[PDB]
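Letters A, B, ... mirror the listed sequences (proteins, then strands); counts begin at 1.
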Amino acid sequence: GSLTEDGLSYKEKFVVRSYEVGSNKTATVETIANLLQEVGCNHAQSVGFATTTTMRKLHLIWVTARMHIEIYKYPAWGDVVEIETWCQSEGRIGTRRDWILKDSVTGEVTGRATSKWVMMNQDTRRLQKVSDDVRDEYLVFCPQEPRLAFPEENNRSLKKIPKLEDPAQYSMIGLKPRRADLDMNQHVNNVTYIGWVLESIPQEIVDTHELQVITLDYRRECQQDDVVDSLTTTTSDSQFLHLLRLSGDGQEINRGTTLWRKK
Amino acid sequence: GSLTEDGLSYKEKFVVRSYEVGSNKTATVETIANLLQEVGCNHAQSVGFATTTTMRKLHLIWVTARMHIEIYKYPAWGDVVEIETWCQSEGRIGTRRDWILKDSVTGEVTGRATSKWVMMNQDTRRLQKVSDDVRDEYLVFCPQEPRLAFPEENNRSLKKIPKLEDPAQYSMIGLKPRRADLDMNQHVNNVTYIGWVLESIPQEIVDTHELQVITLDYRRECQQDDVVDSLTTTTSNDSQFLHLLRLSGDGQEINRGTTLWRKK
Ligand SMILES: CNc1ccc2ccccc2n1
Ligand SMILES: CNc1ccc2ccccc2n1
């Protein structure tokens with residue numbers, strides 16, 4: 001991988017592995033999400049950066065508020081996929097990281113993703129607006145003119161997601177993270193929540209449809225000793241409304257939507 | 001990746017990824033196990049397979065009976081590890097796949113692994129001895145003289161593992177696979193069982209020790225709708241454990257194993 005010529009974005013190639021694919025012999029959406037996260041980590045490393053600056057002194061970190069992914073073609077086992085990523089400031093609201101997925105052989109865009117990140121104190125878990133002096137520290141690594149993976153005026157990445165009402169049509173209860181679900185800081189990896197959401201989709205939908213779009217909001221994290229219930233209701237192509245909540249008190253951890261195309 | 005000069009082994013390099021590491025910023029044993037499985041798949045693909053034409057006609061497959069891994073140094077996040085793998089027939093008992101892990105920068109052996117595979121009918125799940133027709137078909141891809149990752153006389157890879165007696169010292173109950181735990185054939189990936197075994201090790205041991213050796217026997221598979229209980233008892237500077245995975249309901253054994261950990 002490497003930064004591009006202007007130093008304002010980063011590209012990296014990946015060969016799809018045997019254990020990274022589903023029953024269609026193409027990369028799962030969780031494998032895609034892991035690759036997006038890996039290229040984001042490599043971009044931050046390449047420019048000297050969690051992706052923290054003088055935020056370390058104040059115990060501040062970037063945390064994901066929303067992840068949105070659209071896949072047109074899932075790469076096959078053994079295929080090479082090229083991913084380009086970049087960041088942009090969204091004023092004092094937070095930051096945005098965008099990605100473009102391409103087939104290396106054809107050069108065709110096979111997917112796109114966007115994510116919204118907010119600044120939070122790692123100890124109190126209190127959010128805060130991005131101040132001047134921290135904004136300037138990473139503005140030199142971002143394009144100044146807007147560059148959006150989802151430009152379309154009125155698009156799926158900015159839709160408001162409603163809260164699923166009980167009773168849910170489908171559910172998968174008692175979900176728990178194991179050590180492989182944790183990152184280097186012992187926190188549950190953001191991609192595990194995508195897996196948990198998908199667990200309540202019936203197997204017949206997975207066997208006859210392909211996931212085209214997933215939008216996921218992150219409200220609160222699941223701790224290593226917490227247990228999660230995954231809830232889904234059809235709202236329709238097939239569309240679903242999703243809700244992840246703690247098994248005990250019913251505390252919301254995530255809400256989302258998925259759109260699936262018939263194969 | 002590529003086959004070596006004599007075409008009797010396969011090598012491949014991997015850069016350790018950010019999500020592949022634990023709290024020490026080094027590759028987990030499950031990341032290592034996934035890389036061993038990936039290099040085995042690429043070796044089979046490079047020589048045209050890992051079932052032969054005769055095996056597909058008879059609905060026969062290779063299944064893992066035992067996995068044994070020893071790690072001296074876990075590669076760090078961003079490091080390049082080189083893995084060499086090869087196979088050998090073990091007469092009519094089955095096949096053996098071996099691996100050697102090396103640090104690409106130093107060329108030093110940082111790990112080694114060995115696995116035993118048996119031939120089984122895909123549908124009835126009945127094991128069978130390897131016939132001559134099948135044996136000759138893959139012998140042209142294996143070294144003829146013995147080549148062992150674990151040559152030592154009384155080495156840990158061939159030890160008999162006893163069955164853990166109730167009550168277990170430690171346990172993790174209600175373990176279930178999710179879709180990410182399944183392979184392309186919708187079967188639970190062999191590496192998930194390694195994770196499940198390790199789930200019953202206390203966090204204090206993981207935080208103060210490093211896993212040096214793991215030996216795991218595979219008796220039966222966990223189906224997508226099955227639930228597993230993971231059981232561990234200390235058997236021991238070094239710490240050793242006896243492990244047992246069994247179905248949550250009837251207590252049917254799925255795996256048994258041992259781990260050896262050294263103090264950091
Ligand atoms: C992996 N995702 C998260 C989400 C929230 C966090 C809060 C404090 C520290 C780490 C965190 N990591
Ligand atoms: C991934 N491991 C296994 C173990 C046993 C199997 C039996 C039939 C078909 C596939 C199998 N896969």
Side-chain angles (χ1 to χ4, degrees), chain A residues 1-14 32-69 80-102 104 109 111-122 127-151 183-185 187 189-191 218, chain B residues 14-21 25-27 75-80 105:
Chain A
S2 173
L3 289 161
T4 59
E5 200 57 81
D6 68 0
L8 299 181
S9 74
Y10 189 94
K11 290 178 181 168
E12 191 176 350
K13 291 185 205 180
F14 301 96
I32 298 300
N34 274 325
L35 300 187
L36 301 185
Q37 140 182 290
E38 172 67 3
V39 73
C41 287
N42 290 340
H43 181 196
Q45 155 91 335
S46 78
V47 297
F49 297 131
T51 314
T52 65
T53 78
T54 70
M55 296 165 63
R56 285 150 162 196
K57 286 147 50 265
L58 293 327
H59 284 46
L60 265 9
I61 52 168
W62 286 114
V63 159
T64 307
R66 183 140 157 152
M67 174 68 57
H68 180 83
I69 303 175
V80 179
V81 53
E82 189 169 56
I83 304 173
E84 179 177 20
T85 189
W86 67 94
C87 295
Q88 279 213 291
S89 286
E90 297 206 323
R92 10 238 298 122
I93 273 73
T95 277
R96 194 189 76 256
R97 171 168 294 275
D98 284 10
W99 301 252
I100 299 293
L101 288 89
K102 282 182 181 165
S104 229
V109 172
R112 46 182 188 155
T114 189
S115 66
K116 307 279 187 296
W117 299 73
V118 291
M119 224 164 61
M120 177 190 273
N121 179 285
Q122 74 211 11
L127 302 185
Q128 84 144 328
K129 277 185 171 54
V130 189
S131 70
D132 84 273
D133 105 303
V134 162
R135 255 296 156 234
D136 296 338
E137 268 150 40
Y138 51 74
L139 267 168
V140 300
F141 307 115
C142 301
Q144 309 299 309
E145 290 161 318
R147 189 191 179 183
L148 312 169
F150 294 92
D183 65 12
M184 64 187 79
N185 314 122
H187 281 263
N189 191 119
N190 291 326
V191 178
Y218 291 77
Chain B
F14 301 96
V15 176
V16 175
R17 299 175 180 172
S18 58
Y19 62 88
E20 283 178 343
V21 301
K25 280 158 194 42
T26 64
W77 163 29
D79 277 12
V80 179
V105 186

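- At least one side-chain heavy atom of A/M184 sits less than 4.5 Å from a side-chain heavy atom of B/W77.
- Counting only distance, with no hydrogens or angles, the side chain of A/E12 and the backbone of A/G40 share no donor-acceptor pair below 3.5 Å.
- Residue A/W62 qualifies as enclosed at atom CH2: its count of foreign heavy atoms under 6.0 Å is above 12.
- Counting heavy-atom neighbours within 6.0 Å of A/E5 CD, excluding the residue itself, gives a total of 12 or less.
- Minimum interatomic distance between A/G94 and A/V130 (heavy atoms only, all atoms of both residues): CA-CG2, 3.9 Å.
- How far CG of A/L60 is from CD of A/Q128: 5.0 Å, rounded to the nearest 0.5 Å.
- Within the 3.5 Å criterion, the main-chain N or O of A/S115 finds no donor-acceptor partner in the side chain of A/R96.
- Atoms NE2 and CZ, on A/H68 and A/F150 in that order, are 4.0 Å from each other to the nearest 0.5 Å.
- In summary, the side chains of A/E38 and A/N42 do present a donor paired with an acceptor at a separation below 3.5 Å, with no hydrogens or angles considered.
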#### Entry: Pair A/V63-A/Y218, side chain to side chain contact (heavy atoms under 4.5 Å, CB included): steps then yes or no
CA-CA 9 Å; A/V63 159; A/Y218 291 77; over 6 Å; no
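- Residue B/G78 comes nearest to B/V15 through the heavy atom pair O-CG1, 3.8 Å, listed as atom of the first residue, atom of the second, then distance.
- The closest donor-acceptor contact from the side chain of A/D183 to the backbone of A/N185 lies under 3.5 Å.
- Counting only distance, with no hydrogens or angles, the side chain of A/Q37 and the backbone of A/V191 share no donor-acceptor pair below 3.5 Å.
- By the 6.0 Å contact criterion, NZ on A/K116 is enclosed, its count of non-hydrogen atoms from other residues, nucleotides or ligands being greater than 12.
- Within a 6.0 Å radius of NZ in B/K25, more than 12 heavy atoms belonging to other residues, nucleotides or ligands are found.
- Side-chain atoms of A/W99 and A/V39, non-hydrogen and from C-beta on, do get closer than 4.5 Å to each other.
- The distance from the CD1 atom of A/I93 to the CG atom of A/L127 is 12.0 Å, given to the nearest 0.5 Å.
- The distance from atom CZ of A/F49 to atom OH of A/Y138, rounded to the nearest 0.5 Å, is 8.5 Å.
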### Query
Stepwise, does the side chain to side chain contact (heavy atoms under 4.5 Å, CB included) test hold for A/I61 with A/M119?
CA-CA 6 Å; A/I61 52 168; A/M119 224 164 61; over 6 Å; no
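- Counting only distance, with no hydrogens or angles, the side chain of A/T85 and the backbone of A/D98 share a donor-acceptor pair below 3.5 Å.
- Separating the CD1 atom in A/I83 from the NZ atom in A/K102 is a distance of 12.5 Å, to the nearest 0.5 Å.
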### Pair A/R135-A/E90, salt bridge (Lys or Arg N to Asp or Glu O under 4.0 Å): steps then yes or no
CA-CA 10 Å; A/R135 255 296 156 234; A/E90 297 206 323; over 6 Å; no
### Task
In sequence, state the C-alpha distance, the side-chain angles, and the governing distance for A/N121 and A/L58, and then conclude on side chain to side chain contact (heavy atoms under 4.5 Å, CB included).
CA-CA 8 Å; A/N121 179 285; A/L58 293 327; over 6 Å; no
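- A cation-pi geometry, defined here as NZ or CZ lying under 6.0 Å from the six-membered ring centre and within 45° of its normal, holds between A/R147 and A/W86.
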### Message
Run the side chain to side chain contact (heavy atoms under 4.5 Å, CB included) test on A/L36 and A/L101 for me, step by step, so that the C-alpha distance in whole Å, both residues' side-chain angles and the decisive distance to 0.1 Å come before the verdict.
### Response
CA-CA 9 Å; A/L36 301 185; A/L101 288 89; 3.8 Å; yes
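- If you take CD on A/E84 and OH on A/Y10, they are separated by 12.0 Å, rounding to the nearest 0.5 Å.
- For the pair B/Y19/A/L35, a side-chain contact is recorded, criterion being any heavy-atom separation below 4.5 Å from C-beta on.
- In this structure, A/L139 and A/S89 approach most closely via the heavy-atom pair CD2-OG, 3.5 Å.
- With a 4.5 Å cut-off on side-chain heavy atoms, A/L8 and A/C142 do not count as touching.
- Looking at B/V105 and B/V80, their side chains never come closer than 4.5 Å, going by heavy atoms from C-beta outward.
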